[PDB]
$ cat input-v9.json   # JSON, C-alpha atoms
[["chain", "number", "residue", "atom", "x", "y", "z"],
["T", 26, "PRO", "CA", 90.13, 60.82, 122.70],
["T", 27, "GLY", "CA", 86.31, 60.82, 122.79],
["T", 28, "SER", "CA", 83.57, 59.52, 120.43],
["T", 29, "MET", "CA", 80.36, 60.45, 122.41],
["T", 30, "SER", "CA", 80.42, 64.22, 121.64],
["T", 31, "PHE", "CA", 79.21, 65.99, 118.53],
["T", 32, "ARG", "CA", 80.51, 69.56, 118.74],
["T", 33, "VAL", "CA", 83.84, 70.25, 116.90],
["T", 34, "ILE", "CA", 85.89, 73.41, 116.35],
["T", 35, "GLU", "CA", 84.40, 75.39, 113.47],
["T", 36, "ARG", "CA", 85.16, 79.08, 112.81],
["T", 37, "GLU", "CA", 85.63, 80.30, 116.35],
["T", 38, "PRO", "CA", 89.50, 80.76, 116.07],
["T", 39, "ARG", "CA", 88.94, 83.25, 113.24],
["T", 40, "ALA", "CA", 86.41, 85.18, 115.30],
["T", 41, "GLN", "CA", 89.04, 85.47, 118.05],
["T", 42, "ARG", "CA", 91.63, 86.76, 115.56],
["T", 43, "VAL", "CA", 89.26, 89.42, 114.29],
["T", 44, "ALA", "CA", 88.14, 90.42, 117.73],
["T", 45, "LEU", "CA", 91.58, 90.66, 119.30],
["T", 46, "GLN", "CA", 92.66, 92.81, 116.37],
["T", 47, "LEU", "CA", 89.78, 95.17, 116.73],
["T", 48, "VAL", "CA", 90.29, 95.33, 120.50],
["T", 49, "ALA", "CA", 93.97, 96.29, 119.89],
["T", 50, "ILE", "CA", 93.00, 99.07, 117.49],
["T", 51, "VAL", "CA", 90.46, 100.53, 119.88],
["T", 52, "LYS", "CA", 92.61, 100.28, 122.99],
["T", 53, "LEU", "CA", 95.77, 101.66, 121.34],
["T", 54, "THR", "CA", 93.84, 104.46, 119.58],
["T", 55, "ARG", "CA", 92.26, 105.46, 122.91],
["T", 56, "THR", "CA", 95.67, 105.32, 124.64],
["T", 57, "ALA", "CA", 97.32, 107.39, 121.92],
["T", 58, "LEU", "CA", 94.62, 110.10, 122.23],
["T", 59, "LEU", "CA", 94.53, 110.01, 126.05],
["T", 60, "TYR", "CA", 98.24, 110.70, 126.47],
["T", 61, "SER", "CA", 98.63, 112.99, 123.45],
["T", 62, "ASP", "CA", 100.17, 116.47, 123.41],
["T", 63, "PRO", "CA", 97.33, 118.85, 122.61],
["T", 64, "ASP", "CA", 99.56, 120.75, 120.12],
["T", 65, "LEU", "CA", 100.18, 117.52, 118.22],
["T", 66, "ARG", "CA", 96.73, 116.01, 118.44],
["T", 67, "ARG", "CA", 95.56, 116.96, 114.95],
["T", 68, "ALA", "CA", 98.73, 115.42, 113.55],
["T", 69, "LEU", "CA", 98.12, 112.29, 115.63],
["T", 70, "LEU", "CA", 94.61, 111.96, 114.28],
["T", 71, "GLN", "CA", 95.82, 112.44, 110.70],
["T", 72, "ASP", "CA", 98.52, 109.81, 111.23],
["T", 73, "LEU", "CA", 95.95, 107.30, 112.55],
["T", 74, "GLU", "CA", 93.74, 107.95, 109.51],
["T", 75, "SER", "CA", 96.50, 107.70, 106.92],
["T", 76, "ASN", "CA", 98.57, 104.81, 108.33],
["T", 77, "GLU", "CA", 96.05, 102.69, 110.20],
["T", 78, "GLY", "CA", 92.73, 103.67, 108.58],
["T", 79, "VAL", "CA", 91.39, 104.72, 111.93],
["T", 80, "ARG", "CA", 88.98, 107.70, 112.20],
["T", 81, "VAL", "CA", 87.89, 109.08, 115.55],
["T", 82, "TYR", "CA", 84.49, 110.76, 115.85],
["T", 83, "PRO", "CA", 82.80, 112.29, 118.84],
["T", 84, "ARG", "CA", 79.90, 110.21, 119.95],
["T", 85, "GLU", "CA", 76.88, 112.43, 120.36],
["T", 86, "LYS", "CA", 73.45, 111.94, 121.97],
["T", 87, "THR", "CA", 71.91, 112.70, 118.58],
["T", 88, "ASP", "CA", 73.84, 109.87, 116.79],
["T", 89, "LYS", "CA", 71.81, 107.25, 114.97],
["T", 90, "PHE", "CA", 73.36, 103.86, 114.36],
["T", 91, "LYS", "CA", 72.61, 100.43, 112.98],
["T", 92, "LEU", "CA", 73.70, 97.24, 114.65],
["T", 93, "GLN", "CA", 75.65, 94.59, 112.78],
["T", 94, "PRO", "CA", 73.71, 91.91, 110.85],
["T", 95, "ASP", "CA", 72.50, 89.37, 113.39],
["T", 96, "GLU", "CA", 74.51, 86.41, 112.03],
["T", 97, "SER", "CA", 76.27, 83.84, 114.22],
["T", 98, "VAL", "CA", 79.83, 84.95, 113.34],
["T", 99, "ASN", "CA", 79.00, 88.58, 114.17],
["T", 100, "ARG", "CA", 77.55, 87.59, 117.53],
["T", 101, "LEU", "CA", 80.72, 85.69, 118.39],
["T", 102, "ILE", "CA", 83.02, 88.51, 117.27],
["T", 103, "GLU", "CA", 80.96, 91.03, 119.25],
["T", 104, "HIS", "CA", 80.99, 88.81, 122.29],
["T", 105, "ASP", "CA", 84.74, 88.40, 122.10],
["T", 106, "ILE", "CA", 85.20, 92.21, 121.73],
["T", 107, "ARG", "CA", 82.93, 92.97, 124.70],
["T", 108, "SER", "CA", 84.81, 90.44, 126.86],
["T", 109, "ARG", "CA", 87.84, 92.76, 126.55],
["T", 110, "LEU", "CA", 86.30, 96.28, 126.14],
["T", 111, "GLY", "CA", 83.20, 96.04, 128.35],
["T", 112, "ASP", "CA", 79.53, 95.04, 128.06],
["T", 113, "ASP", "CA", 78.34, 98.56, 127.22],
["T", 114, "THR", "CA", 80.59, 98.80, 124.11],
["T", 115, "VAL", "CA", 78.52, 99.76, 121.15],
["T", 116, "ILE", "CA", 79.44, 98.00, 117.89],
["T", 117, "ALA", "CA", 77.69, 99.10, 114.69],
["T", 118, "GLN", "CA", 77.71, 98.73, 110.91],
["T", 119, "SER", "CA", 76.92, 102.37, 110.37],
["T", 120, "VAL", "CA", 76.66, 105.54, 112.38],
["T", 121, "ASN", "CA", 74.78, 108.59, 111.10],
["T", 122, "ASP", "CA", 74.40, 106.85, 107.76],
["T", 123, "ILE", "CA", 78.10, 106.19, 107.25],
["T", 124, "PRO", "CA", 78.92, 102.50, 106.74],
["T", 125, "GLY", "CA", 81.98, 101.02, 108.43],
["T", 126, "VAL", "CA", 83.00, 99.12, 111.51],
["T", 127, "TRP", "CA", 82.13, 101.42, 114.40],
["T", 128, "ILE", "CA", 83.20, 100.74, 117.99],
["T", 129, "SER", "CA", 82.55, 103.07, 120.90],
["T", 130, "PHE", "CA", 85.00, 104.08, 123.67],
["T", 131, "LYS", "CA", 85.21, 106.65, 126.44],
["T", 132, "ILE", "CA", 87.78, 108.90, 128.02],
["T", 133, "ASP", "CA", 86.41, 109.63, 131.46],
["T", 134, "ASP", "CA", 82.92, 111.02, 130.71],
["T", 135, "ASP", "CA", 83.68, 111.92, 127.04],
["T", 136, "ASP", "CA", 82.34, 109.47, 124.42],
["T", 137, "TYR", "CA", 83.92, 108.62, 121.08],
["T", 138, "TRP", "CA", 83.78, 106.29, 118.16],
["T", 139, "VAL", "CA", 86.48, 104.47, 116.34],
["T", 140, "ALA", "CA", 85.44, 104.13, 112.68],
["T", 141, "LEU", "CA", 87.17, 101.66, 110.35],
["T", 142, "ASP", "CA", 86.71, 101.37, 106.57],
["T", 143, "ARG", "CA", 85.69, 97.73, 106.47],
["T", 144, "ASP", "CA", 82.85, 96.14, 104.51],
["T", 145, "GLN", "CA", 82.38, 93.42, 107.12],
["T", 146, "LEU", "CA", 82.93, 93.07, 110.84],
["T", 147, "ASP", "CA", 84.42, 89.64, 110.00],
["T", 148, "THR", "CA", 87.58, 91.08, 108.49],
["T", 149, "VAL", "CA", 91.20, 90.43, 109.02],
["T", 150, "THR", "CA", 93.35, 93.36, 107.85],
["D", 27, "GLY", "CA", 97.38, 73.46, 90.54],
["D", 28, "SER", "CA", 100.83, 73.05, 92.14],
["D", 29, "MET", "CA", 102.65, 73.76, 88.85],
["D", 30, "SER", "CA", 100.16, 76.41, 87.71],
["D", 31, "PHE", "CA", 100.71, 80.12, 87.51],
["D", 32, "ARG", "CA", 97.78, 81.10, 89.81],
["D", 33, "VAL", "CA", 98.59, 83.68, 92.54],
["D", 34, "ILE", "CA", 97.24, 81.43, 95.28],
["D", 35, "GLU", "CA", 99.54, 78.63, 94.02],
["D", 36, "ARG", "CA", 102.73, 80.71, 93.70],
["D", 37, "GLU", "CA", 102.82, 83.30, 96.53],
["D", 38, "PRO", "CA", 102.73, 82.74, 100.27],
["D", 39, "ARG", "CA", 100.14, 84.68, 102.18],
["D", 40, "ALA", "CA", 101.21, 87.28, 104.72],
["D", 41, "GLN", "CA", 101.63, 85.65, 108.11],
["D", 42, "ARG", "CA", 98.77, 86.94, 110.31],
["D", 43, "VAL", "CA", 100.99, 86.97, 113.35],
["D", 44, "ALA", "CA", 103.32, 89.34, 111.38],
["D", 45, "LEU", "CA", 100.58, 91.77, 110.33],
["D", 46, "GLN", "CA", 99.25, 91.84, 113.86],
["D", 47, "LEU", "CA", 102.68, 92.53, 115.32],
["D", 48, "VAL", "CA", 103.12, 95.29, 112.74],
["D", 49, "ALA", "CA", 99.85, 96.90, 113.71],
["D", 50, "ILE", "CA", 100.73, 96.78, 117.42],
["D", 51, "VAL", "CA", 104.18, 98.32, 116.84],
["D", 52, "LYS", "CA", 102.83, 101.02, 114.49],
["D", 53, "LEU", "CA", 100.14, 102.03, 116.97],
["D", 54, "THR", "CA", 102.48, 101.94, 119.91],
["D", 55, "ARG", "CA", 105.08, 104.04, 118.06],
["D", 56, "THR", "CA", 102.27, 106.48, 117.11],
["D", 57, "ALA", "CA", 101.14, 106.78, 120.73],
["D", 58, "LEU", "CA", 104.69, 107.57, 121.81],
["D", 59, "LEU", "CA", 105.43, 109.91, 118.86],
["D", 60, "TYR", "CA", 102.59, 112.28, 119.66],
["D", 61, "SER", "CA", 102.64, 111.88, 123.46],
["D", 62, "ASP", "CA", 102.85, 114.71, 125.93],
["D", 63, "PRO", "CA", 106.29, 114.55, 127.54],
["D", 64, "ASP", "CA", 104.80, 114.82, 131.05],
["D", 65, "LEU", "CA", 102.54, 111.87, 130.28],
["D", 66, "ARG", "CA", 105.12, 109.51, 128.90],
["D", 67, "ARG", "CA", 105.50, 107.58, 132.16],
["D", 68, "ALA", "CA", 101.72, 107.24, 132.40],
["D", 69, "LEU", "CA", 101.55, 106.15, 128.77],
["D", 70, "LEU", "CA", 104.17, 103.46, 129.25],
["D", 71, "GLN", "CA", 102.39, 102.19, 132.35],
["D", 72, "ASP", "CA", 99.06, 102.06, 130.59],
["D", 73, "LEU", "CA", 100.58, 100.18, 127.62],
["D", 74, "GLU", "CA", 101.99, 97.53, 129.92],
["D", 75, "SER", "CA", 99.07, 97.15, 132.29],
["D", 76, "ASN", "CA", 96.14, 97.46, 129.93],
["D", 77, "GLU", "CA", 97.47, 96.45, 126.49],
["D", 78, "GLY", "CA", 100.26, 94.02, 127.43],
["D", 79, "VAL", "CA", 102.65, 96.10, 125.44],
["D", 80, "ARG", "CA", 105.96, 96.66, 127.17],
["D", 81, "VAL", "CA", 108.12, 99.48, 125.86],
["D", 82, "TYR", "CA", 111.72, 99.91, 126.98],
["D", 83, "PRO", "CA", 114.60, 102.11, 125.90],
["D", 84, "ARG", "CA", 117.01, 100.40, 123.52],
["D", 85, "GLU", "CA", 120.60, 100.98, 124.59],
["D", 86, "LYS", "CA", 123.84, 100.56, 122.59],
["D", 87, "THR", "CA", 124.99, 98.05, 125.21],
["D", 88, "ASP", "CA", 121.96, 95.76, 124.94],
["D", 89, "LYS", "CA", 122.65, 92.13, 124.18],
["D", 90, "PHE", "CA", 120.02, 90.60, 121.90],
["D", 91, "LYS", "CA", 119.57, 87.15, 120.33],
["D", 92, "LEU", "CA", 117.98, 86.58, 116.88],
["D", 93, "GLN", "CA", 115.02, 84.29, 116.15],
["D", 94, "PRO", "CA", 115.73, 80.68, 115.06],
["D", 95, "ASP", "CA", 116.64, 80.63, 111.35],
["D", 96, "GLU", "CA", 113.66, 78.59, 110.09],
["D", 97, "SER", "CA", 111.72, 79.31, 106.89],
["D", 98, "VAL", "CA", 108.53, 80.42, 108.70],
["D", 99, "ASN", "CA", 110.52, 82.88, 110.84],
["D", 100, "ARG", "CA", 112.24, 84.32, 107.79],
["D", 101, "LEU", "CA", 108.81, 84.93, 106.18],
["D", 102, "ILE", "CA", 107.37, 86.51, 109.35],
["D", 103, "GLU", "CA", 110.47, 88.70, 109.68],
["D", 104, "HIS", "CA", 110.28, 89.71, 106.08],
["D", 105, "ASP", "CA", 106.64, 90.63, 106.37],
["D", 106, "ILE", "CA", 107.41, 92.70, 109.53],
["D", 107, "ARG", "CA", 110.33, 94.55, 107.95],
["D", 108, "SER", "CA", 108.45, 95.23, 104.72],
["D", 109, "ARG", "CA", 105.98, 97.25, 106.83],
["D", 110, "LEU", "CA", 108.16, 98.65, 109.67],
["D", 111, "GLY", "CA", 111.44, 99.23, 107.84],
["D", 112, "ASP", "CA", 114.60, 97.25, 107.14],
["D", 113, "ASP", "CA", 116.31, 98.78, 110.24],
["D", 114, "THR", "CA", 113.87, 96.82, 112.44],
["D", 115, "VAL", "CA", 115.58, 94.42, 114.82],
["D", 116, "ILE", "CA", 113.54, 91.36, 115.67],
["D", 117, "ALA", "CA", 114.83, 89.20, 118.54],
["D", 118, "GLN", "CA", 113.84, 86.30, 120.77],
["D", 119, "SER", "CA", 115.56, 87.87, 123.79],
["D", 120, "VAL", "CA", 117.08, 91.16, 124.94],
["D", 121, "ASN", "CA", 119.52, 91.14, 127.90],
["D", 122, "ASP", "CA", 118.61, 87.49, 128.40],
["D", 123, "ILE", "CA", 114.91, 88.17, 128.81],
["D", 124, "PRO", "CA", 112.87, 86.02, 126.39],
["D", 125, "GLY", "CA", 109.99, 87.52, 124.41],
["D", 126, "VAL", "CA", 108.95, 88.81, 121.02],
["D", 127, "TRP", "CA", 111.22, 91.85, 120.78],
["D", 128, "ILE", "CA", 110.88, 94.39, 118.01],
["D", 129, "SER", "CA", 112.83, 97.66, 117.77],
["D", 130, "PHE", "CA", 111.64, 101.11, 116.66],
["D", 131, "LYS", "CA", 113.07, 104.59, 116.72],
["D", 132, "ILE", "CA", 111.78, 108.13, 117.26],
["D", 133, "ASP", "CA", 114.28, 110.88, 116.30],
["D", 134, "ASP", "CA", 117.40, 110.22, 118.45],
["D", 135, "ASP", "CA", 115.63, 107.72, 120.74],
["D", 136, "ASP", "CA", 115.72, 103.96, 120.11],
["D", 137, "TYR", "CA", 113.15, 101.66, 121.73],
["D", 138, "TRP", "CA", 112.08, 98.08, 122.14],
["D", 139, "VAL", "CA", 108.56, 96.70, 122.20],
["D", 140, "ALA", "CA", 108.36, 93.36, 124.02],
["D", 141, "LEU", "CA", 105.27, 91.20, 123.39]]
$ encode --input "input-v9.json" --output "structure tokens"
Amino acid sequence: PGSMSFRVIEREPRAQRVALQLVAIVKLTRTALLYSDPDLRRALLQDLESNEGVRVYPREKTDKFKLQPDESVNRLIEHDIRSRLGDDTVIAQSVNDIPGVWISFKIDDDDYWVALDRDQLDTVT
Amino acid sequence: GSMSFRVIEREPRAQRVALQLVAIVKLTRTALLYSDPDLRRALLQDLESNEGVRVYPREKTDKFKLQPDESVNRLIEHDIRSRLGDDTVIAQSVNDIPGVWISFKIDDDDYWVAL
């Protein structure tokens, strides 16, 4: 049980909690939409909004967005998310001047956002 | 503080494992609820392979075993049922397969999620 080190566990377990939760929301939202009945898809999207606070927007070439504040916790959360969703995942604090937690996804060649009503990326809901 | 009337001193926090399990079940149930019937096999395969979420039919003949009756488990179970419904079965095994087993229902169809 060693005395020569200096590094100790700090806040990393919380970052993992937050990240794995966000990864679940994005993956399950994508899956729900991918396999949805087209006749029920509006209802699905309303259900996600009302019961999970998840909004789905098309991701357009004309979208502007702002990256998360470059703080150490945010870097760790983002890194943990990208480990599961892919390097090219875009994670933002606002898109088209709407604040939130914004995470990109794709279905084949169609691009989307998941938008969550959260003041901070470092949030456990 | 221990004898005081402050919220933080008198009420246990929601177990994070419980709220996470709730979110997974809610989303899974949502995916299934609005799914295209011809895509339900594909959906179930994707849930298992890509999200680690295994959905099975729940049959009347299923044997299940309840979680150990310890105070933490009672609080987790209470937090799950307060969000999913009091009809929710929560089990440590179904048909002698260990796991975190949580039931849900859509119309006349009963299901398990194993995590």
$ closest_atom_pairs --input "input-v9.json" --of "chain T" --to "chain D" --cutoff "10 Å" --atoms "only C-alpha atoms" --output "CSV"
residue,atom,partner,partner_atom,distance
T:42,CA,D:42,CA,8.9
T:45,CA,D:46,CA,9.5
T:46,CA,D:46,CA,7.1
T:48,CA,D:77,CA,9.4
T:49,CA,D:50,CA,7.2
T:50,CA,D:53,CA,7.7
T:52,CA,D:77,CA,7.1
T:53,CA,D:53,CA,6.2
T:54,CA,D:53,CA,7.2
T:55,CA,D:57,CA,9.2
T:56,CA,D:57,CA,6.9
T:57,CA,D:57,CA,4.0
T:58,CA,D:57,CA,7.5
T:59,CA,D:69,CA,8.5
T:60,CA,D:61,CA,5.5
T:61,CA,D:61,CA,4.2
T:62,CA,D:62,CA,4.1
T:63,CA,D:62,CA,7.7
T:64,CA,D:62,CA,9.0
T:65,CA,D:60,CA,5.9
T:66,CA,D:60,CA,7.1
T:67,CA,D:60,CA,9.7
T:68,CA,D:60,CA,7.9
T:69,CA,D:60,CA,6.0
T:70,CA,D:60,CA,9.6
T:72,CA,D:56,CA,7.7
T:73,CA,D:56,CA,7.8
T:76,CA,D:52,CA,8.4
T:77,CA,D:49,CA,7.8
T:149,CA,D:42,CA,8.4
T:150,CA,D:45,CA,7.8
$ atom_distance --input "input-v9.json" --atom1 "CA of residue 148 (chain T)" --atom2 "CA of residue 75 (chain D)"
27.1 Å
$ residues_around --input "input-v9.json" --residues "region 90-97 of chain T" --least-positions-apart "5" --cutoff "7 Å" --atoms "all atoms listed in the file" --output "PyMOL selection string"
chain T and resi 116-121
$ residues_around --input "input-v9.json" --residues "residue 38 (chain D)" --least-positions-apart "2" --cutoff "12 Å" --atoms "only C-alpha atoms" --output "PyMOL selection string"
chain D and resi 32-36+40-42+97-98+101-102+104-105
$ residues_around --input "input-v9.json" --residues "residue 51 (chain D)" --least-positions-apart "5" --cutoff "8 Å" --atoms "all atoms listed in the file" --output "PyMOL selection string"
chain D and resi 128+130+139
$ residues_near_point --input "input-v9.json" --point "(79.3, 115.5, 116.5)" --cutoff "12 Å" --atoms "only C-alpha atoms" --output "number ranges by chain"
T: 81-89, 120-121, 135-138
$ atom_distance --input "input-v9.json" --atom1 "CA of residue 135 (chain D)" --atom2 "CA of residue 80 (chain T)"
28.0 Å
$ residues_around --input "input-v9.json" --residues "region 118-125 of chain D" --least-positions-apart "2" --cutoff "10 Å" --atoms "all atoms listed in the file" --output "PyMOL selection string"
chain D and resi 84+87-94+116+127-128+138-141
$ atom_distance --input "input-v9.json" --atom1 "CA of residue 44 (chain T)" --atom2 "CA of residue 104 (chain T)"
8.6 Å
$ residues_around --input "input-v9.json" --residues "residue 40 (chain T)" --least-positions-apart "2" --cutoff "7 Å" --atoms "all atoms listed in the file" --output "ChimeraX atom specification"
/T:36-38,42-44,98,101-102
